[PDB]
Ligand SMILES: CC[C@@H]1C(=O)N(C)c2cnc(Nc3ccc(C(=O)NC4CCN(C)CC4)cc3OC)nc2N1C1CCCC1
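The data below hold one chain only, encoded as structure tokens and taken in the form solved without the ligand.
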């Protein structure tokens, strides 16, 4: 955590979220936990909610040491939207675009992220 390699890794993840994922058009409903005021049954339907703010808080606490656990939480946003909104919902298409810009940016950064992941583990 105090390790600069961990901090640099978390910093890159945070910027995937703020520069790319939160920039998806109409993505605001995914930026924060679902508000039960407007979606009253959400937490009765969805057992493990996930949203971009929760991921950013995990990043700020250095809870991700490799990209797989980060991508697992990102993917959960989409899977939850398939369950709640439906597989063909406009919201699900937006969530898949959030996933796509994340996944594809992770691919672009593969060699950089691999080095950081190794240096986090070594430390």
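Residues that one form lacks are left out of the comparison. Here, rigid core means the biggest group of C-alpha atoms that superpose within 1.5 Å across both forms. Residue numbers count along the first chain shown, from 1.
Asks: Check the entry's C-alpha temperature factors for 9-17 and 104-112, then say which stretch has the higher mean.
Replies: So the stretch with the higher mean C-alpha B-factor is 104-112.
Asks: From the list 97, 26, 53, 88, select the residue with the highest C-alpha B factor recorded in the entry.
Replies: When the deposited C-alpha B-factors of 97, 26, 53, 88 are compared, 88 is largest.
Asks: Among 44, 32, 83, 57, single out the one with the highest C-alpha B factor in the record, please.
Replies: Largest recorded C-alpha B-factor: 44.
Asks: Where does residue 69 sit by CA temperature factor within its chain: lowest, middle or highest third?
Replies: Within its chain, residue 69 is a middle-third residue by C-alpha B-factor, going by the deposited values.
Beyond what is shown, the protein has a form deposited with the ligand bound; the following relates to that form.
Asks: Taking heavy atoms only, is residue 15 within 4.5 angstroms of the ligand in the entry with it bound?
Replies: Yes, residue 15 sits close enough to the ligand in the entry with it bound that at least one of its heavy atoms falls within 4.5 Å.
Asks: Given that the ligand is not shown alongside this chain, does residue 56 nevertheless sit within 4.5 Å of it in the entry with it bound, heavy atom to heavy atom?
Replies: So residue 56 counts as contacting the ligand.
Asks: Please determine whether residue 66 contacts the ligand in the entry with it bound, using a 4.5 Å cut-off between heavy atoms.
Replies: Result no; residue 66 lies far from the ligand in the entry with it bound.
Asks: Since only the chain is shown here, I'm wondering whether residue 104 would be in contact with the ligand in the entry with it bound (any heavy atom pair within 4.5 Å).
Replies: No, no contact at 4.5 Å.
Asks: Residue by residue through 3-23, tell me which have a non-hydrogen atom within 4.5 angstroms of the ligand in the entry with it bound.
Replies: Going through 3-23 in order - heavy atoms within 4.5 Å of the ligand in the entry with it bound - the hits are 4, 7, 11, 15, 19.
Asks: Provide the ranges, sorted by sequence, of consecutive runs with at least 3 residues in which each Cα shifts 2 Å or more between this form and the one not shown, based on a superposition on the core.
Replies: Shifted run of three or more residues, which all move 2 Å or more: only 36-40.
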